[PDB]
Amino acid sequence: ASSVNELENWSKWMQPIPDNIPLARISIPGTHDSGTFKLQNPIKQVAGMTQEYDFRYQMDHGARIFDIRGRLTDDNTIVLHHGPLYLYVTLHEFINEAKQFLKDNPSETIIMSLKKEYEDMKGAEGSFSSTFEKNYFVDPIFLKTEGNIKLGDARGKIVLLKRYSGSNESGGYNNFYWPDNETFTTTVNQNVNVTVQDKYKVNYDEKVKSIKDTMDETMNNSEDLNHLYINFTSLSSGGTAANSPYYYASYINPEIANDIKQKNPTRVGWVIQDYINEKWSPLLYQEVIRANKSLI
């Protein structure tokens, strides 16, 4: 477990990385609106979908960060949504997929971002936060320690990245200030600061520039292990009249993947993208994983 060649095994690429390395330092691929794969097929006539394949496909391709959007039902469960629409995927469904993947590849960790996507259904016993933490988070698969989480402690576990308020249970990355459609910097834990580029609805040119600017900042601070960088390459300029996410991703994915490959960086951050598949070249998630050669 000490060969850069091991990074080529997309199901176990975190294996060769030293356990003392903070997850924040690792360049990690992620999927934006991860659970939208069941309604993505154009025949479904549903807009806003961002993935063609399921969670296991995403994980087997190298993704370790998942952007989960949930809604509390009146049955005390959390289901996945995209705005007001139910995605026909549940939170338990995602967790089970992550569990199996971790069982098959115990060298890896799964980072789960959880955000309240839609108002709770009327008649729900508790709140979104209380229901999640009490019925889901309590599961031992979820790492309950915090700080600048190290890969060593995360292996075989799901590390929560809170994007919901009202948390009362310790574990993962605390919820932090997340302004809308901006590139911002704030604090996360006592020993972790973060910079996020999440301009999800700006024009194409400003988006590519923003992705590159944030990657530049990431590289210029490559060995600052206490600074977290999250870079969303996903874009949806417009409302719904135009299901533009795929169009933009078809250009952005290859462009950014190529930019990374050409710069041969030592760190690119946590790159969250739309449409993980094998259609474009180079493959963004693969180039992101390869940027970890410096850590081997």
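Position 1 is the first residue in the sequence shown; the rest follow in order.
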| property | result |
| --- | --- |
| Given 91 to 99 and 127 to 135, the range whose Cα B-factors average higher in the PDB entry | 127 to 135 |
| Segment of higher mean CA temperature factor, 69 to 77 or 147 to 155 | 69 to 77 |
| Most elevated Cα B-factor in the entry, residues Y118, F142, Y173, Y200 | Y118 |
| Peak C-alpha temperature factor (PDB record), options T195, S113, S107, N168 | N168 |
| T50, C-alpha B-factor rank within chain (lowest, middle or highest third) | middle |
| Chain thirds of CA B-factor: placement of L228 | lowest |
| Third assignment of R56 from its chain's C-alpha B-factors | lowest |
| Ranked against its chain, the third holding the CA B-factor of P42 | highest |
| For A291, the third of its chain into which the C-alpha B factor falls | middle |
